[PDB]
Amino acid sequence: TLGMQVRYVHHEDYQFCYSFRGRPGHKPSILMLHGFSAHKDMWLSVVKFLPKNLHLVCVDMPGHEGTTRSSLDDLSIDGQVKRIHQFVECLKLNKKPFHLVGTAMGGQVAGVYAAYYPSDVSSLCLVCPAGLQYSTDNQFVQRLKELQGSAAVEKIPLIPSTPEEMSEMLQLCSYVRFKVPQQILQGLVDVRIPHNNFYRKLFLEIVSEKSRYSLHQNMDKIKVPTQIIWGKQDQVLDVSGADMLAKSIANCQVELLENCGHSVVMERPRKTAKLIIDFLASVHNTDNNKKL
């Protein structure tokens, strides 16, 4: 369990499920946002290598796992950013500025959140964030455009419904992926099948005109030290995105990881956790120097 405890917090009829350890102290608290179709426990690999003197919060994103799934919820990046601000206000996480960490769709929400509520965030860590406008499409984005041409919504690579589709999703999302036995693939996809209608609705909403490039559209408003962590072998969100952010945001440190695909937090958890803590210390040192 790593000392992480699951709790639920309510905003009227909406509930957020989150895991946590430690308590608000002198250092900035850390709020972690997972990616598309995942949940708060994808952060456990990194938490295992994080120090115990930090206040860590890992929240299930809107409609995922223990957080409310409602047909009336606004699943656009703007609406998810707003839900995250309600959750933050619920826990009083912004009592003093906090460090905000996000991966992929969570990375996009994190970037847009720092642009919407700049006084809430002390520093940002964006792990292969979605929401950028690339000059050319990688094979995955060319596949999505091809699927749009036949409206084959049942073939979205990140929404598998069969063992063979699950094996393709596992290959696309990680650099090293040896073949898994059919029984294990079947078990992995069965836990996701009841949630595929929601993932299909969420996916179409985050790739819609209003959300597809919202991080790129808001990155001029990010005013805090930002760390970018990206895997050079990312087959989902191309690693060229790291330079687009770095050249558009001041005080930006880029960490390109070798032998690493889209699932950074699962593939390189030790290096990722080390980079997270090192960046936190360098931000504190520059803040102590800048005084007066």
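Note that residue numbering follows the sequence shown and begins at 1.
*Asks:* With reference to the PDB entry, specify whether the mean Cα temperature factor is higher for 29-37 or for 51-59.
*Replies:* It is 51-59.
*Asks:* For the C-alpha atoms alone, is the average B factor greater in 238-246 or in 61-69, going by the entry?
*Replies:* Taking the mean B-factor of the alpha carbons in each, 238-246 is higher.
*Asks:* Of the choices 190, 120, 78, 205, which one's C-alpha carries the largest B-factor in the record?
*Replies:* Among 190, 120, 78, 205, the PDB entry lists the largest C-alpha B-factor for 120.
*Asks:* Could you check 170, 159, 104, 153 and tell me which one carries the biggest Cα B-factor in the deposited entry?
*Replies:* 153 has the highest C-alpha B-factor of those listed.
*Asks:* Taking the values exactly as deposited, rank residue 199 by C-alpha B-factor within its chain and report the matching third: lowest, middle or highest.
*Replies:* CA B-factor rank for residue 199: lowest third.
*Asks:* Would you mind ranking residue 18 by its C-alpha B-factor against the rest of the chain and naming the third, lowest, middle or highest?
*Replies:* Lowest third of the chain for residue 18's C-alpha B-factor.
*Asks:* Could you tell me which third, lowest, middle or highest, the C-alpha B-factor of residue 86 occupies within its chain?
*Replies:* Tercile = middle for this residue's CA B-factor.
*Asks:* Quick check on the deposited entry: does the C-alpha B-factor of residue 134 sit in the lowest, middle or highest third of its chain?
*Replies:* It falls in the top third of the chain.
*Asks:* Quick check for you: using the entry's CA B-factors within this chain, is residue 265 in the lowest, middle or highest third?
*Replies:* For residue 265, the deposited C-alpha B-factor lands in the highest third.
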